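Examining the three-dimensional arrangement
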There are 2 protein chains.
Amino acid sequence: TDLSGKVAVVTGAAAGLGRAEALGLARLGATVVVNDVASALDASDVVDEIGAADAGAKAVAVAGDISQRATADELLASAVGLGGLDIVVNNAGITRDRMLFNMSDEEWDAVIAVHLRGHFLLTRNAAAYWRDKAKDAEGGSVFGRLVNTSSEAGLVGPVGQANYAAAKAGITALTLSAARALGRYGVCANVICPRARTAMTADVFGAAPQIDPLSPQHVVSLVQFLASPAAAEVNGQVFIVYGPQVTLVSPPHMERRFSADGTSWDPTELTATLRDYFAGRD
Amino acid sequence: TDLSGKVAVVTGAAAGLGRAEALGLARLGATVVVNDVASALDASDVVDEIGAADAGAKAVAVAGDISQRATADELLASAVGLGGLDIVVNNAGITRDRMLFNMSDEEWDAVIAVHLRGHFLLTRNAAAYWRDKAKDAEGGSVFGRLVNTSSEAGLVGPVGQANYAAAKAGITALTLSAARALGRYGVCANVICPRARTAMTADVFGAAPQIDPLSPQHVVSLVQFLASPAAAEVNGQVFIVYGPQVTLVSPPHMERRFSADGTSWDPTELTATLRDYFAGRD
Ligand SMILES: NC(=O)c1ccc[n+]([C@@H]2O[C@H](COP(=O)([O-])OP(=O)(O)OC[C@H]3O[C@@H](n4cnc5c(N)ncnc54)[C@H](O)[C@@H]3O)[C@@H](O)[C@H]2O)c1
Ligand SMILES: NC(=O)c1ccc[n+]([C@@H]2O[C@H](COP(=O)([O-])OP(=O)(O)OC[C@H]3O[C@@H](n4cnc5c(N)ncnc54)[C@H](O)[C@@H]3O)[C@@H](O)[C@H]2O)c1
């Protein structure tokens, strides 16, 4: 799964999971464009840490708020300047947790902006770059890998995280569309829903106690695959990954269909049917 | 399922499904606050049409872009001025379809704003109103019904609709959080994924040919239930509804787990396992 000669963009890569992902791609030979907000990069040695330095191992930092069009444009330009854009790992995020009934517009908008708009801007920019490259190839295949970061919160809607859950669910649907649009060009686009012990999850998961059962490395192993030639037949998939396991999420299932016997439901009859079903139901 | 004495807010109710939903609640006795953008209301007789007029049947139009905080505030104030807010049907939406690689930032932001931010602003405002009412009741139960509108596109990510799919998936996750926060106060919050023949779906579904198999009325019957006392035991549920059937969507299922036998996946081994699984897989 060697990534020599490839260029990867990883967002939110100053610390935590994004930093671990940037290091894992660098270790496979990728040239990594490391993105984060500038204050995160003030306090990070990640670029020095990416002197790991078997392989071309080149790394460059590009500071910017991923929710801004200009950041996505600069990342693309940096990657083109390094020889072409091959791999995108959308990982940047923030939380503004609040009970829904106390959540301000700003708490909502900020989380939507960094997760959902940020994923969009770079996914769209990459989408346009990869399609144009395929047309420039006179219909030839392009190598492209898109790895977007959702969360089990987007499947579940946890209390106090309506904004985080909404962004992560949107990210999943965004990536499925991208997979349908781009798979025909040779691009693979997939979604991960990780759990990893980082400084930002330490309050929920605890601190690290072989290998940490919630090591970021458990996630990196999957991201390395999804970024590689070897994932050519994996597109539009959603994975849950933490510890020594990866789980493929299936398409939506149906619990129960409630059909009228004729051309329309009688409304009081529909009411009776649903009310009875949910009276005896957990 | 009589809604006499209740007040309902329906957004996007000048035409199409929202208009049919406003009429169906009015027919059950609800006082309806009809919301849409003002240009939609220029061309609509919906308020006159809500002279149906058994029951209090009162209806008032409140024009506003639902993506703006002030519209959500005015709708709440109107409902309080009519005696209290009981029912919210978030239905307003737009499409800006485009292949992802051609999608502008504005095409993305507008669809996110009207669907996702609009759902949020009114869901949050209602959430704060219903909780405060319960506290004012010294812990007493409040009647509250929230009906949000997602889409099968949010489960599926169709080509050319990454922005629509992302908004609808976010709406679902938003509503699940709301259901967890608010169910304890007596509020029910549920999601519908409709198909209905409207002027805006006529290009995809065709025109209307008993009853139209894609009549908006098939959806209205479910919305009437979900807005009613009779749905007290239905909270946090996701329904697909079109024609003479309602389908309860189940929580996410897992297709297949890929576990290492020890404390971590060997990355080349994980690659081998996933590559083999997806070689022989549709
Ligand atoms: N829900 C879960 O179970 C779970 C657990 C771990 C990680 N995650 C997801 O994985 C990702 C990383 O999480 P983490 O555990 O590394 O925590 P983290 O706080 O380290 O987030 C990673 C990075 O995002 C960066 N970032 C924030 N705003 C940015 C912006 N506007 N532009 C660019 N970069 C920005 C931060 O600076 C940070 O370094 C996130 O998407 C997160 O939601 C989810
Ligand atoms: N994907 C599907 O299968 C499907 C089919 C039908 C309806 N739907 C959903 O149901 C809802 C209504 O769809 P429709 O079929 O009635 O089409 P429609 O175009 O009539 O949409 C309904 C209303 O939304 C209103 N609206 C738009 N922007 C607004 C804003 N900024 N503020 C307030 N109101 C605004 C429009 O003016 C319109 O009257 C939407 O949510 C739509 O996505 C989905």
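Check the entry above for the structure.
Let me sum up the structure you'll find in this document.

So, on to the site of ligand 1. Residues and elements named next belong to chain A. Close to ligand 1 lie 27 residues, the nearest being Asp36, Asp65, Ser151, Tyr164 and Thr198. Backbone polar atom of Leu17 to an oxygen atom of ligand 1: 2.8 Å apart, as the coordinates give it. A distance of 2.6 Å separates an oxygen atom of ligand 1 from a polar atom in the side chain of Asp36. Relative to its unbound accessible area of 830 Å², ligand 1 is 86% covered by the protein chains. Those elements that place two or more of their residues in the shell around ligand 1 are α1 (16-27), β2 (31-36), α5 (105-136) and α7 (162-182).

Let us now look at the pairing of strand β4 (residues 87-90) of chain B. Here β4 of chain B shows two buried faces, one formed by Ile87 and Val89 of chain B and the other by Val88 and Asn90 of chain B. The β-α-β motif built from β4 of chain B, the intervening helix α5 (residues 105-136) of chain B and the parallel element strand β5 (residues 144-149) of chain B has right-handed crossover chirality.

Another aspect to go through is the site of ligand 2. Residues and elements named next belong to chain B. Taken together, the neighbourhood of ligand 2 is formed by 27 residues, with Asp36, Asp65, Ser151, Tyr164 and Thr198 sitting nearest. A distance of 3.1 Å separates an oxygen atom of ligand 2 from a polar backbone atom of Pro194. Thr198 places a polar side-chain atom, nitrogen or oxygen, 2.7 Å from an oxygen atom of ligand 2. Secondary-structure elements contributing two or more residues to the shell around ligand 2 are α1 (16-27), β2 (31-36), α5 and α7 (162-182). Along the lines of polarity and charge, the residues of the shell around ligand 2 split into 12 nonpolar, 11 polar and four charged.

A word on the interface of chain A and chain B. Contact residues are listed per partner, giving 86 residues for chain A and 86 residues for chain B. Mapped onto the side of chain A that touches chain B, the elements with two or more residues apiece are α5, α6 (153-156), α7, α9 (216-226), β7 (238-241), β8 (245-249), β9 (254-259) and α10 (267-279) of chain A. Residues of the side of chain A that touches chain B, tallied by class, amount to 49 nonpolar, 23 polar and 14 charged. Bridge count between β8 of chain A and strand β9 (residues 254-259) of chain B: five bridges; the pairing is antiparallel. Paired with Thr247 of chain A across the bridge in β9 of chain B is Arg257 of chain B.

So, how was this worked out
Residues numbered from 1 in each chain as written, not as in the entry; some residues may be left out. Chains lettered and ligands numbered in written order. Heavy atoms only, no water. Residues with missing side-chain atoms left out of burial classes, pairs and counts. Near = heavy atom within 4 Å. Polar contact = N/O pair within 3.5 Å; in protein donor to acceptor, adjacent residues only side chain to side chain. Areas by Shrake-Rupley, 256 points an atom, 1.4 Å probe, with all protein chains shown as cover. Helix = DSSP H or I, 4+ residues; strand = E, 2+ residues; numbered from the N terminus. Buried < 20%, exposed > 50% of the residue type's maximum accessible area, 1.4 Å probe, protein only. Right-handed = clockwise from strand over helix to strand, strands pointing away. Nonpolar A, V, L, I, M, F, W, Y, C, P; charged D, E, K, R; others polar. Contact = heavy atoms within 4.5 Å. Pairing = 2+ DSSP bridges.

So, to be careful, I would describe these as geometric facts and stop short of saying anything about function.
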